[PDB]
Amino acid sequence: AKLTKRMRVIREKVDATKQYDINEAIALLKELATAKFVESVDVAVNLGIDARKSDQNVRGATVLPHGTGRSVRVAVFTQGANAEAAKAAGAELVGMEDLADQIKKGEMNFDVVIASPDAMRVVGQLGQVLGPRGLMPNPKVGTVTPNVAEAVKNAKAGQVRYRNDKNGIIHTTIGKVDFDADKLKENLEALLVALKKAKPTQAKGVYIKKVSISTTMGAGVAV
Amino acid sequence: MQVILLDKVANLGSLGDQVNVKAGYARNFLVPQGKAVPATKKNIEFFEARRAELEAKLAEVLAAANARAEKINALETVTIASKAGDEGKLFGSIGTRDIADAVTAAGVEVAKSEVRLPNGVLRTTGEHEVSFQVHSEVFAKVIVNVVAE
Amino acid sequence: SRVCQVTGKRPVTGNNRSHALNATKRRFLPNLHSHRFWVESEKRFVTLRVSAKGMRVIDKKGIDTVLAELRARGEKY
Amino acid sequence: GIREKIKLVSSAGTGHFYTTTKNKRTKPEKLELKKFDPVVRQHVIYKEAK
RNA sequence: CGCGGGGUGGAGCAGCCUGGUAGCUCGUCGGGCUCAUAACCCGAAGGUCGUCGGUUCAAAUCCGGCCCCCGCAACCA
RNA sequence: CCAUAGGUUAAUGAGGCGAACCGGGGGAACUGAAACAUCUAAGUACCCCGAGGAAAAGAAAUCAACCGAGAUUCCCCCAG
RNA sequence: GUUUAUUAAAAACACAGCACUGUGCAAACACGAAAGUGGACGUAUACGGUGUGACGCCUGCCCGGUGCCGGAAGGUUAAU
RNA sequence: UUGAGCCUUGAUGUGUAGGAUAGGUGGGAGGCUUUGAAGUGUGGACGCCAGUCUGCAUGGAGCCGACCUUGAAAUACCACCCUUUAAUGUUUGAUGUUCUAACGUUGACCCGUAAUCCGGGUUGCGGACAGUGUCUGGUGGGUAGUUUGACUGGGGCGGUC
RNA sequence: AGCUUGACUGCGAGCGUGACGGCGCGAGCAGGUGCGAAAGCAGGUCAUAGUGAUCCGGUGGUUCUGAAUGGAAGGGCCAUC
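Residues numbered from 1 in each chain as written, not as in the entry; some residues may be left out. Chains lettered and ligands numbered in written order. Part of a larger assembly, values for the part shown. Heavy atoms only, no water.

If you check the header, you'll see the entry was determined by cryo-EM and the resolution is listed as 17 Å.

Novice: Talk me through the overall build of chain B; I want residue IDs and the actual numbers.
Specialist: Within chain B one finds 3 helices and 7 strands. Moving toward the C terminus, one meets the helices and strands of chain B in the order β-β-α-β-α-α-β-β-β-β. Whereas a compact globule of 149 residues would reach a radius of gyration of roughly 15 Å, chain B reaches 20 Å, over 25% beyond that. Dimensions of chain B along its principal axes, counting C-alpha atoms only, are 60 × 35 × 20 Å. When burial is assessed residue by residue, chain B has 23% of its 149 residues classed as buried. Taking contacts inside chain B between residues at least 6 apart in sequence as the whole, the part at least 24 apart equals 44%. As presented, chain B carries roughly 10900 Å² of accessible surface, and 52% of it is formed by carbon and sulfur atoms. (Helix = DSSP H or I, 4+ residues; strand = E, 2+ residues; numbered from the N terminus. Rg over C-alpha atoms; globule rule 2.2 N^0.38 Å. Buried < 20%, exposed > 50% of the residue type's maximum accessible area, 1.4 Å probe, protein only. Contact = heavy atoms within 4.5 Å. Areas by Shrake-Rupley, 256 points an atom, 1.4 Å probe, with all protein chains shown as cover.)

Novice: Explain the sheet that holds strand 7 (residues 138–143) of chain B residue by residue, including any values.
Specialist: All names here are of chain B. With mixed pairing, 4 strands are arranged side by side in an open sheet as 4-7-6-5. If you trace the sheet from one side to the other, it starts and ends with strand 4 (76–77) and strand 5 (115–116), each paired once. Here strand 4 pairs with strand 7 via 2 bridges, running parallel. Across the sheet, residue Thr-77 finds its bridge partner in strand 7, namely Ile-143. (Pairing = 2+ DSSP bridges.)

Novice: Describe the environment of A:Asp101, naming the residues involved and giving the relevant values.
Specialist: Residues and elements named next belong to chain A. Take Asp-101: it is sitting in helix 3 (residues 97–105). Spatially, the C-alpha atoms of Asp-101 and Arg-59 are 31 Å apart, while their sequence positions differ by 42 residues. Here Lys-105 takes part through its side chain, which lies 2.9 Å from a polar atom of the side chain of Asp-101. (Polar contact = N/O pair within 3.5 Å; in protein donor to acceptor, adjacent residues only side chain to side chain.)

Novice: Report on the nonpolar core, specifying residues and quantitative values.
Specialist: All names here are of chain A. Ranked by internal contacts, the top residues of the largest apolar core, which has 23 residues, are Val-41, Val-43, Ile-49, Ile-174, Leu-191 and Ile-213. Those elements giving two or more residues to this core turn out to be strand 2 (40–46), strand 7 (159–163), strand 8 (169–176) and helix 6 (184–197). No other element matches helix 6, which puts 4 residues into this core. If we skip the residues at most four places from it in the chain, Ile-174 touches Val-41, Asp-42, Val-43, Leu-64, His-66, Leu-184, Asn-187, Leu-188 and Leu-191. One finds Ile-103, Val-123, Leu-126 and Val-144 within the second-largest nonpolar core, a separate group that totals 14 residues. (Core = buried A, V, L, I, M, F, W, Y, C linked by side-chain atoms within 4.5 Å.)

Structure (structure tokens):
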């Protein structure tokens, strides 16, 4: 090193080897920020469980007080009066066959798409344009249900979605560095207990190999 | 290895100074000979006292053991013939008093079996290690000198 | 006797055991090698056979304390 | 023992498992078989053999 | 009592990370070639890439199980 | 040289014969387990060695249990 | 020539010559709680050891299976 | 001199098609360059010939998506994750050289002693090689103890418990 | 063919058998669910072969035990390989 001036002035506040206690650093997390974009604190977990076998692949989503670090714009594909119930619960766009032409042609202004089972006949024709975005609803993960009003509300309330990468590693954001550091020790447990309930059916003995926590292009914190 | 010095090893450091040395070089030489101690301030005055009770067996011969050096040790330059030529090379010597005498123009008698040669026998006019006992484990250097042809 | 000449630690018998379970007497012999020392009293140097823990008494008390009690047990060094 | 025995828990998961002679080696089928939970002394649905 | 690989016209093997896609050598039925016979070369004919689950618009292929094969394998009283 | 290897002899002590017991050092196998192999035979048998009227052992870094006993040994039990 | 004492006296064993694999000298080889001594007061034209079998003139094929030497390309892989 | 390992540094991605070397994967519109590219030429270099890096004449804040089109799918501006390897720094080994405050001498000489045993004494030569013992894995009849079921109108092929 | 899981839990008078270990069959009671409109019926298969006593340690509950005693290790029960 060789290091950029934006971070060289933050090493004027922090040690290069110490990982700081999240119960003691509660005034320091807001103080190491330097970027022209919003910096975060993200959790890095090592697995496992088998590093190759896809039967032990981990997937899911967990609800948090700040979700992904922002609110989401939710769209709902539903016919008749059940669509007005989702519009009053958390949807900002109601979808129908007239909207399935626009999504296929290329234009979409929403973070999450939910559908009801008799409306899912239309959305089934969008599976290849919604696929590479992770935007496609699927009954086998609950993103298709008759109670669409509760399903749009589950997304609007703020949730984070995950799956493990190659050789068994998984990374997820748990707050902005400017957000209340007092709650990091509380929200980390709500993330961990939910990820621990997501253990595979054929998992045996162990599940976590190592846990680490760091800031965007910045220092690590200790638990 | 952090140690404190107890001897005149001025090429390694000063007396009573704290220096870093290798653990093997300490264990094989500086520790067993009474020249250095591990740098633990509360345990060194004891290791010094342990050396004083072993000094009390020859302290009187560090004071007086040479009739010609009664209060302080002397350095002397040789006065006996170097038994060489202009090439500075010779067959050497076999006589245990044929060398190292520094008062040759005088009625002073050279000591029997008290000479010590730390590097080997003098086979050249070159400057080399040469000493005479005052006691069985206590020695004084003398400076080799080119004399006669 | 092949001993550490300052402590008198000697070869002896017992049971060593095989790689698995079974008895083996085999005769025991402690590790031993030569080392040179100044003695003061003979005004010369000597070679003596010394080993484990016995060389450590010389480490704890010095060569003037340990070697001065030798040459009484019919000692041939 | 060439039978690879399975053990399921009740609807409520409480107490011990129910060990069963139901096979998994030869055919993929429904594992629910409705059995007795002695904490309630009632016939209930049984779940998850892992 | 375990693990790795394999199941493909008549025999023995591909593979992977171009998922929109059955390749091959050897034989057989026929030519090139040849005075034939050898050496080399390439047309033609014939098969559910086993089997039960799974993801999907889609798998012989990948992901889970089974079974028969081909190579390696270990222990308490 | 100092010293040490080495050489005398003054005084004392040892040495050899021992009857069993006693302590120390070495140390099996046949046999037993109805196999044989950890285990057993056994620290027996025997070889090597010293000493008393006997020898061993001894004056708690013991043994207990919130209560205490107060160096060691010999016998009857605890307990097959 | 040697020979199986009292049931085969030899086609058995032995010296010759040939081949090969080791061995630079404190050799390789050998007996030993390990010195030491034998190899040898020898020096690869010497010595160890296993074959075959004096002499004359000669000695075809197979390295897949067994052992041995170097590697472990590729597999399986201990201790700590 | 280098084996393995850890940090630092720098770049990995072209099945295939064109404008095009779509890494994975999740975000995202104003963000980045003032020895800095543009663009046609005399040059250097890797190349999958597309692209990129450097130099000079120069000109000097662009440029880009969205627009426009290509495709299931995007293409400014960015976390997070991962390759193969050298040097700067360094953890731990190996081979070789050299010095010798550990240890060897099948080196000599002197004294015991006009003693081709041996110690001591003096001086040369070797040297962390060797040597001797020790523990764990491997190997290993050279040596020591032991095992190797029963029926079968006998043995043996076959039958059998 | 419809519904369905009695391929039941805890107890059991006993009945048949071999020298014994051990093997085979079980009225019926209690708990609960299932079929049938109901009287009534279900502890598998049309019956008989389809499998190793124990010592060991592992696995999941309990709080019976647990060397000074409050925890713990280890064992016992309960549930199993």
